[PDB]
Amino acid sequence: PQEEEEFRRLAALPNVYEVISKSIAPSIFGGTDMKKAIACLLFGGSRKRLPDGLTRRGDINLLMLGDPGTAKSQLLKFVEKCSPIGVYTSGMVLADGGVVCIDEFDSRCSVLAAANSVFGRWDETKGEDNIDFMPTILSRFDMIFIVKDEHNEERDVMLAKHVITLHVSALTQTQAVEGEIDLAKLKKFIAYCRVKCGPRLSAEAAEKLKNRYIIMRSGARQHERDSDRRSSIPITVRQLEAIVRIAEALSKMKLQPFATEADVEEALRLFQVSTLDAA
Amino acid sequence: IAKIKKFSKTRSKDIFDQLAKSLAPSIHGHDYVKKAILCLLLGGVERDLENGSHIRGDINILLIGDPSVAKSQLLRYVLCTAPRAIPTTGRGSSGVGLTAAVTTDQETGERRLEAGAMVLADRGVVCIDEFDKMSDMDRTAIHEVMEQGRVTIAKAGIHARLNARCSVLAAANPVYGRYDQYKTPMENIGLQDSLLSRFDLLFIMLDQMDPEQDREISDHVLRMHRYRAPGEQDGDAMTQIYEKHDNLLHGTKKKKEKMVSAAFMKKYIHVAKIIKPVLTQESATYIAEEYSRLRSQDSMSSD
């Protein structure tokens, strides 16, 4: 009973999103957008039934593609550890409402999958044909992220220094950097938020998202028509459902009964940065 | 009865036009598919001969196209409307499920027959989604039903023949996932000649993203989504021949035309299925000449 007040105080702050994002794998350098996506996946959306008997998915699906050495398995392990229910496979029934991480991609479960390039390493010039999965299975994923080995002389030095500092200082002290939440506390907070309530969208946000979806569909049209080639990542109503689910998850993170326009804007920005860059 | 007679007499030639139009308001376009579904609902005529030979009176239609062209929606609508409609997915039911089997009863030691999926659906509709995922062997099993509508079973100590006069809807995806415009339809379909020949109609649906078509589809989907059933409070968690006009379901432009109600449509379909037509001599020569033209079109197929 006492922990309810603690969770309410934690979720009533104006900076819950930043604290949660920083709490997602503080050891890993960079990937703030990836950390936020992982956090909103862990919070997840809300499922809704229909009187006709039909059900709509309330879980988010993410896919990651990149060269080896981009710390993909570490994120999967951290997600499995943090999630109240978590399964890790090398490539479903026992998981109910949890998260299933799937490495080497080449029942109410959220799916987080990692995969490698067809040729082993990404080729920027070739563009498409670097993903072997068919568009039919690619459409199920709510978001797709691409990671490339951005070779910078200063970035390698910074990464080496960060790794060596993590190696050295870890026996000395194990303390939060800046207000980071403990693993058990974050686990209980996520469970409490998931159990307590689930929000719904608003009319103005719905109209804004509809207009943005129409504009994005026209843009994907024009890109495909000018390129004279079929995009391996199509845009359909499932993308709109994914954006709605991400906005609902963002509203759920604040425990508000109704979603705001800021959540929809953040969901649209994340969806753009992931899919449009990937596509 | 009086209303049916009045509608038939007033709308003489428009019936087949209206029923196809009002078949599925929730689905936009695909007039030919709606006409084919209407023809399936009406059905053909089964003819029995003095020699006892049986001629099939059912029609088989196969739909192939890109994803998200409202094919499963049509299958579900047919399942809801048809009196005896059975859905059987590709790998959900095998040949044992589709074809009646023989089981040895331990209580008495005799062998009994248990009806399959198609045996129960006599003079009905069988819907098969993901027909591509079905194995070739179930296709061979279904071939007998599609040819003569009968299943012959013989296991030592017992033999029988069961009637399987039924119509089949089939929905399948292309081998490449999306239909290839450049490649020939033979490569895209990827099916044997016998199976295609046994099918009566083949429909190919393309997700042509035309400006006006995309705008119209989006408008129809938005209008259907924003619609709410009357008599119900907003935000709550949860017979005339012509349907009452709705500003959202129909639209302001569609005020000039009305859709037929579901119950009246079902009654008219049943009455029409009762009716037994007779072919005329004038149409026979025209049909024969057009068939000869179709067969000779091999030299006139152009590109």
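Per the deposited record, determination of this structure is attributed to cryo-EM, with the resolution reported as 3.8 Å.

Enquirer: With reference to specific residues and values, describe the packing of aromatic side chains.
Expert: All names here are of chain A. Following the criterion strictly, the structure yields eight aromatic pairs over all chains and no others. Members of the aromatic cluster, connected to one another through ring pairs, are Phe-7, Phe-43, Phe-189 and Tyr-192. Looking at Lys-126, its charged tip hangs above the ring of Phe-119, at a distance of 4.6 Å from the centre.

Enquirer: Give me the lowdown on the UniProt feature "binding site: ADP" in chain A, citing residues and values where you can.
Expert: The UniProt record annotates "binding site: ADP" at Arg-56 of chain A. For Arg-56 of chain A, the position within the fold is in strand β2 (residues 55-56). Take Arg-56 of chain A: its relative accessible area is 40%, and that puts it in the partly exposed class. Sequence-distant contacts of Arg-56 of chain A, defined by excluding residues within four places in its chain, comprise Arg-47, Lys-48, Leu-50 and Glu-241 of chain A together with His-225 of chain B.

Enquirer: Just give me the short version of the environment of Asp-138 of chain B, but keep the residues and values in it.
Expert: Residue and element names in this part refer to chain B. The residue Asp-138 is located in helix α7 (residues 136-148) in this model. On the accessibility criterion, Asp-138 (13% relative accessible area) is buried. In sequence terms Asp-138 and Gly-177 are 39 residues apart; their C-alpha atoms lie 22 Å from each other. If near-sequence neighbours (up to four positions away) are discounted, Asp-138 is found in contact with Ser-93, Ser-94, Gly-95 and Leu-98. For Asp-138, the side chain forms a polar contact with the main-chain nitrogen of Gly-95, separated by 3.2 Å.

Enquirer: Quick one: what's the story with a nonpolar patch on the surface, residue by residue and with numbers?
Expert: All names here are of chain B. Among the surface-exposed residues, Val-271, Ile-274 and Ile-275 lie close enough to one another that they form a single nonpolar patch of about 270 Å² accessible area. Counting through the fold element by element, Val-271 comes out in helix α11 (residues 262-274). By relative accessible area, which is 33% here, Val-271 ends up partly exposed.

Enquirer: Explain the UniProt feature "domain: MCM" in chain B to me, using residue names and the numbers behind them.
Expert: In the numbering used here, UniProt assigns the "domain: MCM" feature to residues 15-222 of chain B. With 35% helix and 23% strand, residues 15-222 of chain B has its two end C-alpha atoms placed 29 Å apart.

Enquirer: Explain helix α4 (residues 73-82) of chain A to me, and be specific about the residues and the numbers.
Expert: Spacing of three or four residues puts side chains on the same side of an α-helix, whose turn is 3.6 residues. Taken residue by residue, α4 of chain A has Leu-75, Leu-76, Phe-78, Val-79 and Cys-82 of chain A as its buried positions. Viewed end-on, α4 of chain A has its buried residues packed into an arc of 165°, placing them on one side of the element.

Enquirer: Any chance you could break down the packing of helix α9 (residues 237-253) of chain A against helix α10 (residues 261-278) of chain A for me, citing the residues and the numbers?
Expert: All names here are of chain A. α10 packs onto α9 with a crossing angle of 130° between their chain directions and a minimal axis gap of 8 Å. In terms of orientation, α9 and α10 fall into the oblique class. As for the relative orientation of α9 and α10, their crossing is right-handed in sense. Residues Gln-239, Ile-243, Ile-246, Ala-247, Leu-250 and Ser-251 of α9 form the contact with α10, whose participating residues are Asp-263, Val-264, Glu-266, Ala-267, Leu-268 and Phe-271. Residue composition of the contact of α9 with α10, by class: eight nonpolar, two polar and two charged.

Enquirer: Mind laying out the sheet that holds strand β5 (residues 99-102) of chain A, listing which residues take part and the relevant values?
Expert: Residue and element names in this part refer to chain A. Taking strand neighbours across the sheet as the criterion, the five strands line up as β4-β5-β6-β3-β7 in an open arrangement whose pairing is parallel. Edge positions in the open sheet fall to β4 (86-89) and β7 (143-147), since each of these has one partner strand only. The mean angle between the axes of side-by-side strands here comes to 15°, regardless of whether they run parallel or antiparallel. Across five bridges, the pairing between strand β3 (residues 61-66) and β7 is parallel. Considered in β7, the bridge of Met-64 is made with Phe-145.

Enquirer: Help me get a handle on the packing of helix α8 (residues 203-227) of chain A against α9 of chain A, residues and values and all.
Expert: Helix-helix packing is characterised by the crossing angle of the two axes and by the distance between the axes. Residues and elements named next belong to chain A. Look at α8 against α9: their axes get within 11 Å of each other, and the N-to-C directions meet at 140°. For the pair α8 and α9, the sense of crossing is right-handed. In this structure, α8 uses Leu-209, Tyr-213 and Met-216 to contact α9, whose residues at the interface are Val-237, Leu-240, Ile-243 and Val-244. Taken together, the residues of the contact of α8 with α9 break down into seven nonpolar, no polar and no charged.

Enquirer: Please set out the sheet that holds strand β4 (residues 85-87) of chain B residue by residue, giving values where relevant.
Expert: All names here are of chain B. Spatially, five strands are ordered β4-β7-β10-β3-β11 in an open sheet, and the strand pairing comes out parallel. On the outer flanks of this sheet lie β4 and β11 (201-205), each paired with one strand and no other. Averaged over all pairs of adjacent strands, the angle between their axes in this sheet comes to 15°, without regard to strand direction. Pairing of strand β3 (residues 60-65) with β11, which is carried by five bridges, proceeds in the parallel orientation.

Enquirer: Give a detailed account of the pairing of β5 of chain A, specifying residues and quantitative values.
Expert: On a regular strand, one side chain projects to one face of the sheet and the next to the other, so that they alternate. Residue and element names in this part refer to chain A. Of the two faces of β5, both are covered, the one formed by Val-99 and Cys-101 as well as the one formed by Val-100 and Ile-102. Bridging between β4 and β5 involves four bridges; their strand directions are parallel. Across the sheet, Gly-86 pairs through a bridge with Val-99, a residue of β5. Relative to strand β6 (residues 110-115), β5 runs parallel, the two sharing four bridges. Directly across from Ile-102, in β6, lies its bridge partner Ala-113.

So, how was this worked out
Residues numbered from 1 in each chain as written, not as in the entry; some residues may be left out. Chains lettered and ligands numbered in written order. Part of a larger assembly, values for the part shown. Heavy atoms only, no water. Residues with missing side-chain atoms left out of burial classes, pairs and counts. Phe/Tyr/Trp six-rings, centres within 6.5 Å; stacked < 30°, edge-to-face > 60°. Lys NZ or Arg CZ within 6 Å of the ring centre and 35° of its normal. UniProt positions renumbered as here; feature names shortened; annotations may be inferred. Helix = DSSP H or I, 4+ residues; strand = E, 2+ residues; numbered from the N terminus. Buried < 20%, exposed > 50% of the residue type's maximum accessible area, 1.4 Å probe, protein only. Contact = heavy atoms within 4.5 Å. Polar contact = N/O pair within 3.5 Å; in protein donor to acceptor, adjacent residues only side chain to side chain. Patch = residues over 30% accessible without salt bridge, like charges linked within 9 Å, V, L, I, M, F, W, Y side chains within 5 Å. Areas by Shrake-Rupley, 256 points an atom, 1.4 Å probe, with all protein chains shown as cover. Salt bridge = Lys/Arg side-chain N within 4 Å of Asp/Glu carboxyl O. Arc of directions from axis to C-beta. Axes fitted to C-alpha atoms, helices over the stretch in contact; angles between N-to-C directions. Parallel < 35°, antiparallel > 145°, perpendicular 65-115°, else oblique. Left-handed = near helix turned anticlockwise from the far one by under 90°. Nonpolar A, V, L, I, M, F, W, Y, C, P; charged D, E, K, R; others polar. Pairing = 2+ DSSP bridges.

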